[PDB]
Amino acid sequence: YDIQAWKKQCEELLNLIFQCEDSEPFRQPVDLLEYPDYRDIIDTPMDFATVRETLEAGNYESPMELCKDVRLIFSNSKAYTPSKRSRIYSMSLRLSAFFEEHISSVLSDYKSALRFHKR
Ligand SMILES: CNC(=O)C1(Cc2ccccc2F)CC1
């Protein structure tokens with residue numbers, strides 16, 4: 001029932017994601033000079049270094065907010081490269097499955113702790 005436990009759990013899951021080779025294209029913002037039409041398609045760029053920095057700055061109130069930003073990394077990649085046969089699409093699907101598999105208990109434990117607090 002630890003209301004704060006999600007933060008270190010998210011730091012550890014981000015460490016695992018950075019160690020995955022599938023995270024390479026997502027570790028820093030998409031270079032706005034290599035893909036000059038990126039902002040024509042993507043309104044809100046997102047990447048794992050921005051997520052880690054937002055978490056470390058104390059600028060997420062809950063793991064649901066972190067989860068929303070991570071899901072935005074994958075929806076941005078699917079919008080910019082829609083081909084299910086592209087290198088980035090297949091890496092996105094694998095990394096997203098890994099992330100969702102691990103974030104599920106973090107969200108459940110956080111929500112359970114808040115319900116216990118307000119019992
Ligand atoms: C998340 N990155 C992307 O969406 C792009 C760049 C990119 C894709 C694949 C591998 C290296 C890469 F640099 C297409 C813009």
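This chain uses plain numbering: 1 for the first residue, then up along the sequence. One-based numbering, in listed order, for ligands and for the atoms of each.
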ring-ring contact (aromatic ring centres under 6.0 Å, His included) involving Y89 - partner list, sequence neighbours excluded:
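Not a single residue meets the ring-ring contact (aromatic ring centres under 6.0 Å, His included) criterion with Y89.
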
Suppose we measure from [atom] to each protein heavy atom; which comes out shortest, and what is that distance?
atom                    : value
atom 3 (C) of ligand 1  : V30 CG2, 3.8 Å
atom 11 (C) of ligand 1 : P25 CB, 4.0 Å
atom 8 (C) of ligand 1  : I88 CD1, 3.9 Å

Counting heavy atoms only, which of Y38, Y35, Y80, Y89 is nearest atom 7 (C) of ligand 1?
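Closest candidate by heavy-atom distance is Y35.
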
Is it the case that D109 and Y1 place a side-chain donor and acceptor less than 3.5 Å from each other?
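Per modelled atom types, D109 and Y1 side chains form no pair under 3.5 Å.
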
Does the cation-pi check pass for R71 over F74, that is, NZ or CZ under 6.0 Å from the six-membered ring centre and within 45° of its axis?
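No, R71 and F74 do not form such a contact.
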
Approximate separation, where rounding is to 0.5 Å, of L14 CG and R52 CZ
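If I round to the nearest 0.5 Å, the distance is 6.0 Å.
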
Of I103, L93, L16, which is the lone residue that meets side chain to side chain contact (heavy atoms under 4.5 Å, CB included) with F98?
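The passing option is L16.
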
What atoms of ligand 1 come closer than 4.0 angstrom to any heavy atom of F26?
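Ligand 1 atoms under the 4.0 Å threshold to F26: 1 (C).
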
